[PDB]
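Asks: Encoded as structure tokens, here's the structure I'll be asking about.
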Amino acid sequence: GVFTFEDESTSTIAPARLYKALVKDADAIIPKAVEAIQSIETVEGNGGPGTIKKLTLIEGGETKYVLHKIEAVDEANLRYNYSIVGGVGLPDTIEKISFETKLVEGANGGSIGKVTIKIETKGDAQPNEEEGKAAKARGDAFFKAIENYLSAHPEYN
Ligand code: NA
């Protein structure tokens, strides 16, 4: 099945600037933004749609990886879609989790990040709370964790 829900966040950072870092500078930021994430390596492609990347991370005593795919990039509308693909770093009941993000200008000039998350399951029961939280968390590296690191960084203050 497919479990779809919406998430919204804010940033003090102007949307074009935030968007640019999300789509151009992820590889450099993410291992600095997330203590557990050791490295990101691009496996196939150049940063546009179809690109596959491997995140190497430590969770408990175990070195694991997830694969990330860039689904869509539309700079004119500040749209960035991506997914984490079925396996080592997702719960067993989950084939894929996609994040569909759009950045929009807040009234006061910061950003509102509008996200639709789609969790694809093997079965006919929506994921239990933890397995969905764990899957969502894998996707945070690519959006929320970057906005967080940037908001505390000298260049975006
Ligand atoms: Na790290």
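The count begins at 1 with the first shown residue.
Heads up, the Cβ atoms here are built off N, Cα and C, so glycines get one too.
Heads up, here are the entries from Swiss-Prot:
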| type | residues | note |
| --- | --- | --- |
| BINDING | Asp7, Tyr82 | trans-zeatin 1 binding site |
| BINDING | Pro31, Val34, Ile37 | Ca(2+) binding site |
| BINDING | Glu59 | trans-zeatin 2 binding site |
| BINDING | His68, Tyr80 | trans-zeatin 3 binding site |
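Situate these features within the shown structure.
Replies: Of all Cβ atoms in the protein chains displayed, 16 besides its own lie within 10 Å of the Cβ of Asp7 (trans-zeatin 1 binding site).
Counting every protein chain shown, 18 other Cβ atoms lie within 10 Å of the Cβ of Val34 (Ca(2+) binding site).
Secondary structure at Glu59 (trans-zeatin 2 binding site), taken from DSSP and collapsed to helix, strand or coil, is strand.
Listed in sequence order, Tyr19, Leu22, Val23, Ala72, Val73, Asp74, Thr101, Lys102, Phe143 are the same-chain residues six or more apart from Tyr80 (trans-zeatin 3 binding site) with CB atoms under 8 A from its CB.
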Asks: Which of the binding-site residues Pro31, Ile37, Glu59, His68 has its Cα closest in space to the Cα of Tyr82 (trans-zeatin 1 binding site)?
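Replies: If we rank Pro31, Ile37, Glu59, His68 by Cα distance to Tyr82 (trans-zeatin 1 binding site), first place goes to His68.
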Asks: Anything within 10 Å of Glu59 (trans-zeatin 2 binding site)? Look among the binding-site residues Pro31, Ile37, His68, comparing CA atoms, and list what you find.
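Replies: Qualifying among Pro31, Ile37, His68: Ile37.
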Asks: Are any of the binding-site residues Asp7, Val34, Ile37, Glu59, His68, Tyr80 near ligand 1, with a Cβ under 6 Å from it, and if so which?
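Replies: Those binding-site residues that pass the cut-off, since their Cβ is under 6 Å from ligand 1, are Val34, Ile37.
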Asks: Please tell me which one of the binding-site residues listed here (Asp7, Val34, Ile37) sits closest to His68 (trans-zeatin 3 binding site), measuring Cα to Cα?
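Replies: Nearest candidate: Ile37.
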